[PDB]
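Asks: model.csv is the file, holding CSV, C-alpha atoms:
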chain,number,residue,atom,x,y,z
A,31,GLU,CA,27.0,17.7,15.1
A,32,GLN,CA,24.9,16.3,12.3
A,33,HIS,CA,23.7,13.2,14.3
A,34,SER,CA,22.5,15.4,17.2
A,35,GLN,CA,20.5,17.8,15.0
A,36,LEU,CA,19.0,14.8,13.3
A,37,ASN,CA,18.0,13.3,16.6
A,38,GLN,CA,16.3,16.6,17.7
A,39,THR,CA,14.4,16.6,14.5
A,40,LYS,CA,13.2,13.0,15.2
A,41,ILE,CA,12.0,14.0,18.6
A,42,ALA,CA,10.4,17.2,17.3
A,43,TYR,CA,8.3,15.1,14.8
A,44,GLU,CA,7.4,12.5,17.5
A,45,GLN,CA,6.1,15.3,19.7
A,46,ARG,CA,4.1,16.8,16.9
A,47,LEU,CA,2.4,13.4,16.3
A,48,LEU,CA,1.4,13.4,20.0
A,49,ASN,CA,0.4,17.1,20.2
A,50,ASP,CA,-0.7,18.3,16.8
A,51,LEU,CA,-2.3,15.5,14.8
A,52,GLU,CA,-5.7,15.5,16.5
A,53,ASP,CA,-6.5,19.1,15.4
A,54,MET,CA,-5.2,19.0,11.9
A,55,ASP,CA,-7.3,19.3,8.7
A,56,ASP,CA,-4.8,17.1,6.9
A,57,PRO,CA,-3.1,14.8,9.5
A,58,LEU,CA,-1.8,12.7,6.6
A,59,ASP,CA,0.5,15.6,5.7
A,60,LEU,CA,2.4,15.5,9.0
A,61,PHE,CA,3.0,11.7,8.7
A,62,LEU,CA,4.2,12.3,5.1
A,63,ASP,CA,6.6,15.0,6.1
A,64,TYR,CA,8.1,12.8,8.9
A,65,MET,CA,8.3,9.7,6.6
A,66,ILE,CA,10.0,11.6,3.8
A,67,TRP,CA,12.5,13.0,6.4
A,68,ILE,CA,13.2,9.6,7.8
A,69,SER,CA,13.6,8.0,4.4
A,70,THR,CA,16.0,10.7,3.2
A,71,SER,CA,17.9,12.4,6.1
A,72,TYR,CA,17.7,9.9,8.9
A,73,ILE,CA,18.3,6.6,7.1
A,74,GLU,CA,21.3,8.1,5.3
A,75,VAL,CA,23.1,8.6,8.6
A,76,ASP,CA,21.8,5.6,10.7
A,77,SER,CA,20.4,2.9,8.4
A,78,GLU,CA,19.5,0.4,11.1
A,79,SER,CA,17.7,2.8,13.4
A,80,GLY,CA,16.3,4.6,10.3
A,81,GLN,CA,14.8,1.3,9.0
A,82,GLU,CA,13.0,0.6,12.3
A,83,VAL,CA,11.7,4.2,12.7
A,84,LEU,CA,10.5,4.2,9.1
A,85,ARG,CA,8.6,0.9,9.5
A,86,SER,CA,7.0,2.0,12.8
A,87,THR,CA,6.1,5.5,11.5
A,88,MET,CA,4.5,4.0,8.3
A,89,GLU,CA,2.5,1.5,10.5
A,90,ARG,CA,1.3,4.4,12.8
A,91,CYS,CA,0.3,6.4,9.7
A,92,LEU,CA,-1.7,3.5,8.2
A,93,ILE,CA,-3.4,2.7,11.5
A,94,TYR,CA,-4.2,6.3,12.3
A,95,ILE,CA,-5.6,7.3,8.9
A,96,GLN,CA,-7.3,4.0,7.9
A,97,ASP,CA,-10.7,4.5,9.5
A,98,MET,CA,-11.0,8.1,8.3
A,99,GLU,CA,-13.4,7.5,5.3
A,100,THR,CA,-12.4,10.8,3.8
A,101,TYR,CA,-8.9,9.4,3.0
A,102,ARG,CA,-10.1,6.2,1.4
A,103,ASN,CA,-9.2,7.2,-2.2
A,104,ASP,CA,-6.5,9.8,-1.4
A,105,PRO,CA,-3.6,8.9,-3.7
A,106,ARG,CA,-1.1,10.0,-1.2
A,107,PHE,CA,-2.5,7.5,1.3
A,108,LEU,CA,-2.6,4.7,-1.3
A,109,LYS,CA,1.1,5.3,-2.0
A,110,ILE,CA,2.0,4.7,1.7
A,111,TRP,CA,0.2,1.3,1.6
A,112,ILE,CA,2.1,0.4,-1.6
A,113,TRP,CA,5.5,1.6,-0.3
A,114,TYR,CA,4.9,-0.4,2.9
A,115,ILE,CA,4.2,-3.6,0.9
A,116,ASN,CA,7.2,-3.0,-1.3
A,117,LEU,CA,9.7,-2.1,1.4
A,118,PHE,CA,8.6,-4.5,4.2
A,119,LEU,CA,6.5,-7.4,2.8
A,120,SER,CA,8.4,-8.1,-0.5
A,121,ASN,CA,9.5,-11.6,0.6
A,122,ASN,CA,6.0,-12.6,1.8
A,123,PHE,CA,3.3,-13.1,-0.9
A,124,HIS,CA,0.6,-14.0,1.6
A,125,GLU,CA,1.0,-11.0,3.8
A,126,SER,CA,1.4,-8.8,0.7
A,127,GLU,CA,-1.8,-10.2,-0.8
A,128,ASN,CA,-3.6,-10.0,2.6
A,129,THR,CA,-2.7,-6.3,2.8
A,130,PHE,CA,-4.3,-5.7,-0.7
A,131,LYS,CA,-7.3,-7.7,0.3
A,132,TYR,CA,-7.7,-5.7,3.6
A,133,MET,CA,-7.5,-2.4,1.6
A,134,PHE,CA,-10.1,-3.8,-0.9
A,135,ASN,CA,-12.5,-4.7,2.0
A,136,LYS,CA,-12.2,-1.2,3.5
A,137,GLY,CA,-12.5,0.5,0.1
A,138,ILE,CA,-9.0,1.9,0.4
A,139,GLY,CA,-7.8,2.7,-3.1
A,140,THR,CA,-10.6,1.0,-4.9
A,141,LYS,CA,-11.4,4.0,-7.1
A,142,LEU,CA,-7.7,4.5,-8.0
A,143,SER,CA,-6.0,2.8,-11.0
A,144,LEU,CA,-2.7,2.4,-9.1
A,145,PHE,CA,-4.4,0.0,-6.6
A,146,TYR,CA,-5.4,-2.4,-9.4
A,147,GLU,CA,-2.1,-2.0,-11.3
A,148,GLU,CA,-0.1,-2.9,-8.2
A,149,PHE,CA,-2.4,-5.6,-6.9
A,150,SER,CA,-2.4,-7.1,-10.5
A,151,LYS,CA,1.4,-6.9,-10.6
A,152,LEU,CA,1.6,-8.9,-7.3
A,153,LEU,CA,-0.7,-11.6,-8.7
A,154,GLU,CA,1.2,-11.6,-12.0
A,155,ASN,CA,4.6,-12.2,-10.3
A,156,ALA,CA,3.0,-14.9,-8.3
A,157,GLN,CA,1.9,-16.5,-11.6
A,158,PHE,CA,-1.9,-16.0,-10.9
A,159,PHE,CA,-1.9,-14.9,-14.5
A,160,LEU,CA,-5.5,-14.8,-15.4
A,161,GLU,CA,-6.6,-13.5,-12.0
A,162,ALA,CA,-4.2,-10.6,-12.5
A,163,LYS,CA,-6.0,-9.8,-15.8
A,164,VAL,CA,-9.4,-9.9,-14.3
A,165,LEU,CA,-8.3,-7.6,-11.5
A,166,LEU,CA,-7.3,-4.9,-14.1
A,167,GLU,CA,-10.7,-5.4,-15.8
A,168,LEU,CA,-12.3,-5.0,-12.4
A,169,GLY,CA,-10.6,-1.6,-11.9
A,170,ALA,CA,-12.0,-0.4,-15.2
A,171,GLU,CA,-15.5,-1.6,-14.3
A,172,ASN,CA,-15.2,0.4,-11.1
A,173,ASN,CA,-14.4,3.6,-13.1
A,174,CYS,CA,-11.0,4.0,-11.5
A,175,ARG,CA,-8.8,7.0,-12.2
A,176,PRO,CA,-6.6,7.7,-14.3
A,177,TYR,CA,-8.7,5.5,-16.5
A,178,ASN,CA,-6.7,5.5,-19.8
A,179,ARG,CA,-3.5,4.6,-18.1
A,180,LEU,CA,-5.2,1.5,-16.6
A,181,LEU,CA,-6.3,0.5,-20.2
A,182,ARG,CA,-2.7,0.8,-21.3
A,183,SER,CA,-1.5,-1.3,-18.3
A,184,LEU,CA,-4.0,-4.0,-19.3
A,185,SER,CA,-2.8,-3.8,-23.0
A,186,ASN,CA,0.8,-4.2,-22.0
A,187,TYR,CA,-0.1,-7.1,-19.8
A,188,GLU,CA,-1.9,-8.9,-22.6
A,189,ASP,CA,1.4,-8.5,-24.6
A,190,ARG,CA,3.3,-10.2,-21.7
A,191,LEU,CA,0.6,-12.9,-21.7
A,192,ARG,CA,1.2,-13.6,-25.4
A,193,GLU,CA,4.9,-13.9,-24.8
A,194,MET,CA,4.2,-16.7,-22.4
A,195,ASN,CA,1.6,-18.4,-24.7
A,196,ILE,CA,-1.3,-17.9,-22.2
A,197,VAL,CA,-5.0,-18.0,-22.9
A,198,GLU,CA,-8.2,-19.2,-21.2
A,199,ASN,CA,-9.9,-22.5,-21.9
A,204,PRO,CA,-15.5,-17.9,-16.3
A,205,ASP,CA,-13.2,-19.7,-13.9
A,206,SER,CA,-10.5,-17.0,-13.7
A,207,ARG,CA,-13.1,-14.5,-12.6
A,208,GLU,CA,-14.4,-17.0,-10.0
A,209,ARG,CA,-10.8,-17.8,-8.9
A,210,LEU,CA,-10.2,-14.1,-8.4
A,211,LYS,CA,-13.5,-13.7,-6.5
A,212,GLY,CA,-12.4,-16.5,-4.2
A,213,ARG,CA,-9.0,-14.8,-3.7
A,214,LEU,CA,-10.7,-11.5,-2.9
A,215,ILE,CA,-12.9,-12.9,-0.1
A,216,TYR,CA,-11.8,-11.0,3.0
A,217,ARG,CA,-10.5,-13.2,5.8
A,218,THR,CA,-8.2,-11.5,8.3
A,219,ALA,CA,-6.1,-8.3,8.7
A,220,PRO,CA,-2.4,-8.6,7.7
A,221,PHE,CA,-0.2,-9.6,10.6
A,222,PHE,CA,1.6,-6.2,10.8
A,223,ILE,CA,-1.7,-4.5,11.6
A,224,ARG,CA,-2.9,-7.1,14.1
A,225,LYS,CA,0.6,-7.0,15.9
A,226,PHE,CA,0.5,-3.2,16.0
A,227,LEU,CA,-3.0,-3.2,17.6
A,228,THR,CA,-2.2,-5.9,20.2
A,229,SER,CA,1.1,-4.4,21.1
Would you mind writing the structure in this file as structure tokens?
Replies:
Amino acid sequence: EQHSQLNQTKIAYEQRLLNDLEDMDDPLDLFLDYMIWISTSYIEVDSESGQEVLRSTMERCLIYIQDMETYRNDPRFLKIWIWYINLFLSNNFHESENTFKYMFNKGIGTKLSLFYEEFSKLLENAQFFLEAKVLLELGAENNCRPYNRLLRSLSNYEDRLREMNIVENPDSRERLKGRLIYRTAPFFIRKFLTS
């Protein structure tokens, strides 16, 4: 009874993606509605199908919306990228970093504090300690919003740096610059396009 209703809802959303997206003012909203439904209702009943459908839907969303310049600094869009990285790329630093680099190259999220906070966190966890600091400072120099929160994120990070006895001896900036040079789209994007 529940499973059947859930399956009809899945097909209803899939049809809407085919029929309705093209004419929408806010096509991102339809993807968001569907992803929220999958991650709550659908995955609670069928975790293995739900995982696959969530991953595919998120990839479709990113691919469909990515070349629409109007969405470049939409915080809702940014969050989908970061959810994707966290859910699906967490065991893969290179693909995670490549995703952030691809976004950076396309100007996705580059005016939003969250982008720099999350990208810095990735580098921090990977022990690129001073590159992670420079990335936060880069966000501030690009006038990213919310600005004050970014400044507090940087302050808290400097506190973590002191707890590990870390200071410079500008190579960290040049090291970050080297890390930021765009090379290739992440594999999940390339695989989607070729499939």
Asks: With distances taken over only C-alpha atoms, which of A:37, A:112, A:190, A:204 is nearest to residue 79 in chain A?
Replies: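 The shortest atom-to-atom distance to residue 79 in chain A comes from A:37.
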Asks: Report as a VMD selection string all protein, DNA and RNA residues lying within 12 Å of residue 171 in chain A, evaluated on all atoms listed in the file, omitting residues in the same chain fewer than 3 positions from it.
Replies: chain A and resid 140 to 143 146 164 to 168 174 to 175 177 180 to 181
Asks: For the residues in that selection, give me C-alpha atoms as a CSV table (one decimal), in the coordinates of the input.
Replies:
chain,number,residue,atom,x,y,z
A,140,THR,CA,-10.6,1.0,-4.9
A,141,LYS,CA,-11.4,4.0,-7.1
A,142,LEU,CA,-7.7,4.5,-8.0
A,143,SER,CA,-6.0,2.8,-11.0
A,146,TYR,CA,-5.4,-2.4,-9.4
A,164,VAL,CA,-9.4,-9.9,-14.3
A,165,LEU,CA,-8.3,-7.6,-11.5
A,166,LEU,CA,-7.3,-4.9,-14.1
A,167,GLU,CA,-10.7,-5.4,-15.8
A,168,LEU,CA,-12.3,-5.0,-12.4
A,174,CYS,CA,-11.0,4.0,-11.5
A,175,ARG,CA,-8.8,7.0,-12.2
A,177,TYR,CA,-8.7,5.5,-16.5
A,180,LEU,CA,-5.2,1.5,-16.6
A,181,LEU,CA,-6.3,0.5,-20.2
Asks: Give me, please, the distance in Å between CA of residue 210 in chain A and CA of residue 160 in chain A, quoted to one decimal.
Replies: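 Between these atoms lies a distance of 8.5 Å.
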Asks: Quick one: everything within 8 Å of residue 88 in chain A, counting only C-alpha atoms, minus sequence neighbours fewer than 6 positions away in the same chain. Send it as number ranges by chain.
Replies: A: 61, 65, 110, 114
Asks: Give me the residues within 12 Å of residue 64 in chain A as number ranges by chain, counting all atoms listed in the file and dropping any in the same chain fewer than 6 places off.
Replies: A: 36, 39-47, 57-58, 70-72, 80, 83-88, 90-91
Asks: Just the number, please: distance in Å from CA of residue 60 in chain A to CA of residue 92 in chain A, one decimal.
Replies: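 It comes out at 12.7 Å.
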Asks: Could you state the separation of CA of residue 89 in chain A and CA of residue 216 in chain A in Å, given to one decimal place?
Replies: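 Here the two named atoms are 20.4 Å from each other.
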Asks: Tell me which of A:170, A:77, A:212, A:107 sits closest to residue 182 in chain A, counting only C-alpha atoms.
Replies: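 Smallest separation from residue 182 in chain A among the options: A:170.
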Asks: Quick one: of A:73, A:98, A:223, A:194, who's nearest to residue 111 in chain A, counting all atoms listed in the file?
Replies: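 When distances to residue 111 in chain A are compared using all atoms listed in the file, the smallest one comes from A:223.
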Asks: Please, what is the axis-aligned box for every listed atom of range 188-208 of chain A with 3 Å on each side, as centre and edge lengths in Å to one decimal, as JSON?
Replies:
{"center_x": -5.3, "center_y": -15.5, "center_z": -17.7, "size_x": 26.4, "size_y": 20.0, "size_z": 21.4}
Asks: Calculated over all atoms listed in the file, which of the candidates A:176, A:106, A:129, A:206 has the smallest distance to residue 63 in chain A?
Replies: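 Checking each candidate against residue 63 in chain A, we get A:106 as the closest.
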Asks: Which of these residues is nearest to residue 150 in chain A, using all atoms listed in the file: A:187, A:222, A:123, A:134?
Replies: A:187
Asks: So, with all atoms listed in the file as the atoms that count, which of A:137, A:192, A:131, A:147 lies closest to residue 211 in chain A?
Replies: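 Between A:137, A:192, A:131, A:147, the residue approaching residue 211 in chain A most closely is A:131.
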Asks: I'd like the contact shell of residue 219 in chain A - 7 Å cut-off, only C-alpha atoms, skipping same-chain residues fewer than 2 positions apart - returned as a count of residues only.
Replies: 5
